[PDB]
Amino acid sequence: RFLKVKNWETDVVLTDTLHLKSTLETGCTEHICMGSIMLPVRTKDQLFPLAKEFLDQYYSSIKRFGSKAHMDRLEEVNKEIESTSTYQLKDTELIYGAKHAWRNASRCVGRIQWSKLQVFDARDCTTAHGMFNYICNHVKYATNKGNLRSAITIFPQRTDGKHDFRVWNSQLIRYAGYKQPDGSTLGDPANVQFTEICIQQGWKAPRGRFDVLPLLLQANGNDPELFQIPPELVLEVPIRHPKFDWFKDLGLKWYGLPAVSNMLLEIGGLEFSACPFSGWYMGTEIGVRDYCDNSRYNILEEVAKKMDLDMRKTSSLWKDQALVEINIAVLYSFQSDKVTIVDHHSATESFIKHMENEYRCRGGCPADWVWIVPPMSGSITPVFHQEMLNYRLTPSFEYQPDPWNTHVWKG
């Protein structure tokens, strides 16, 4: 079965054969599309075919499919599974798997970078202090004084689900949120629940609008522990506008390194519940979502007042007008401080080229339109006009429940 996608701006038509190699389900049925739904302990029984599928992929990629090295590896894994109920990936396999997880990430516009990913193998880690050390090294390497480098740090895989390694932070670097008795929120509202946990675990909160949260680290199924990332290692950028001089007086800044820490990485049936990764920001993640979402810093009103827009009717598009200037400021600030960032035009254009290349060399590129299209200026980016097929390949990054909902407290 062949599937065609059309760009309605260029008339380019592409043919997907890659979806045929798809296992995991979508949420959709022939009777319903769930494409805008946000989120729609394993026996040796189901483990070997998953191992086999991965290893077959891996050996095809290195042009060794059916080799004695291929076969002996399958054999080796099969035995280790029946002997131990799990298995260990070679370093080469771990690296290949991590990259491909990113490559298969249908919601990620940044995938043109997928082959350049520094893999830090942290599978010898045993303690939270151990995890901290690893994470610090990740942040320093990835930050590279503003010349950002994509990296992932991979802690030991799940075993019985009772000894999980987890990073409790959703991102390695993120700002605290504090609920005030008057109902208002100080700092990042998205992080209120987590901030409370930290406080309850002993964190002494500065209680400001941009307090970098402590790391909360769980090793081997033990209770999590608090560590403060060395400030010298947290690269931040003050936000100013190139023409508006009052913009600095808004008091805004952001951190340079987006480093997602709460996902689960799946490689050949193996589950890596602690696998923080980092790249660099697309400008709109901050300028549109973090700053302008109503449930986030929500700065549109204050910006619009200072610009003196007509705020009495929405039909003045005062919101659209202010949203742009904020995004201009984010981009300007980062570039001025020589910290890696990409605008939504450059990133979407690069994605189209990537996606086209993937169709030619790979027979497809699964992609989630709802997530790929930027949260401002949608149709003036080329992805808006691009038909996309969404399906799930392995290796993959998966969501997992927040650890505080599941963690068995040792006390």
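Just so we're on the same page, rigid core means the largest C-alpha set that superposes within 1.5 Å between forms. Residue positions are given as counts along the sequence shown, with the first one as 1.
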Name the stretch that deviates more in 5 other deposited structures of this protein: 146-154, or 161-169? Use RMS CA distance to the shown form, core superposed.
161-169
Once everything is fitted on the core, do the CA positions of 189-197 or those of 175-183 lie farther from the shown form in 5 other deposited structures of this protein?
175-183
Does the entry skip any residues of the deposited sequence between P40 and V41, and if so, is it 1 to 3, 4 to 9, or 10 or more, or none at all?
4 to 9
Using the B-factors recorded in the PDB entry, average over the C-alpha atoms of 261-269 and of 200-208, then report which stretch comes out higher.
200-208
For the C-alpha atoms alone, is the average B factor greater in 241-249 or in 288-296, going by the entry?
241-249
C-alpha B-factor winner, where the candidates are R149, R158, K338, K306:
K306
What's the residue among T29, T348, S36, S379 with the greatest CA temperature factor in the PDB record?
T29
Which third of the chain does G364 land in by C-alpha B-factor: lowest, middle or highest?
middle
Lowest, middle or highest third - CA B-factor, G130:
lowest
Would you please rank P276 by its C-alpha temperature factor against the other modelled residues of its chain and give the third it falls in: lowest, middle or highest?
lowest
Relative to the other modelled residues of the same chain, rank the CA B-factor of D16 and answer lowest, middle or highest third.
middle
By its CA B factor, does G187 count among the lowest, middle or highest third of the modelled residues in the chain?
middle
